[PDB]
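Before any questions on binding or motion, here is one chain by itself as structure tokens, the form deposited in one PDB entry.
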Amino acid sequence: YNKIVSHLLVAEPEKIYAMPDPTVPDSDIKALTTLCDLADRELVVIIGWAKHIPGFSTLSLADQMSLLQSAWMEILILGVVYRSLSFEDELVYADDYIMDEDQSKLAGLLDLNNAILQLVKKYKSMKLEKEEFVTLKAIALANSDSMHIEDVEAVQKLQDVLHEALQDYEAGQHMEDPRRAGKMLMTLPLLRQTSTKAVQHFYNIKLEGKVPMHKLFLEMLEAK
């Protein structure tokens, strides 16, 4: 099938471990600290991953950063969603960090994680494939609606290249549903909704000052 899809598949990063501190008592602070630490290390990996997206590294450094600062939470959430597809009512942040309903309540994350589980439920019904996941991550990056883009036409071209890849993949692989590409695009509003609420929630956690956060995570959070 589509070469851009095959290229994004081979550019997919390796799995990352959460490594919750086994000496620390379980608490809401421990869970939130573990999650923000894992997100910080995933952000490093996402920045390296984006350089494999056709045309991304030819953008100005400012435009690369603007796209990443607008899309980072959507990309992180799509990752947890994909890792969770073979599970029931659980979110697989990492192989060693899987959150059920009880742990979400203890962490103060029940409402947020239930929205993420709504995304999981929709993608399970659609039988989301890895090929479609990696293409949607790239589309979410290009379509992230930053207010600070210098070269709008170049960013629109990036959107178009990745949208064409999705369209071509679905036309060849899913002839039984001539509307599958559009159905995939119609899942992006819920992804944006859930990311918007997550950034809000964790900005409030940043303000309360009880959860330590690393430099890169704080930079992405303080942009938004």
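Shifts are known only where both forms have a C-alpha. Basically, rigid core = biggest C-alpha set you can superpose within 1.5 Å across the two forms. Counting begins at 1, following the sequence as shown.
Beyond what is shown, the protein has a form deposited with a partner chain bound; the following relates to that form.
Annotated contacts: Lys15, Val80 and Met99 are all free of the partner chain in the entry with it bound [non-hydrogen atom within 4.5 angstroms]. In the entry with it bound, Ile29 stays away from the partner chain, with no heavy atom inside 4.5 Å. Although the partner is absent here, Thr34 sits far enough away that none of its heavy atoms falls within 4.5 Å of the partner chain in the entry with it bound. The partner chain is not drawn, but in the entry with it bound it has no heavy atom within 4.5 Å of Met19. Proximity of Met175 to the partner chain in the entry with it bound falls outside the 4.5 Å heavy atom cutoff.
Superposition of the core reveals a Cα shift of 2 Å or more for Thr23 between this form and the one not shown. Here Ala11 counts as shifted, since its C-alpha moves by at least 2 Å between this form and the one not shown after the core is aligned. Figure legend: C-alpha atoms of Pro13 and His214, shown here, are separated by at least 3 angstroms more in the entry with it bound. Look at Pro13 and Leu67: in the entry with it bound their Cα atoms move 3 Å or more farther apart than in this form.
Displacement of the C-alpha atoms by 2 Å or more across three or more consecutive residues between this form and the one not shown, following core superposition, is confined to the runs 10-14, 20-25.
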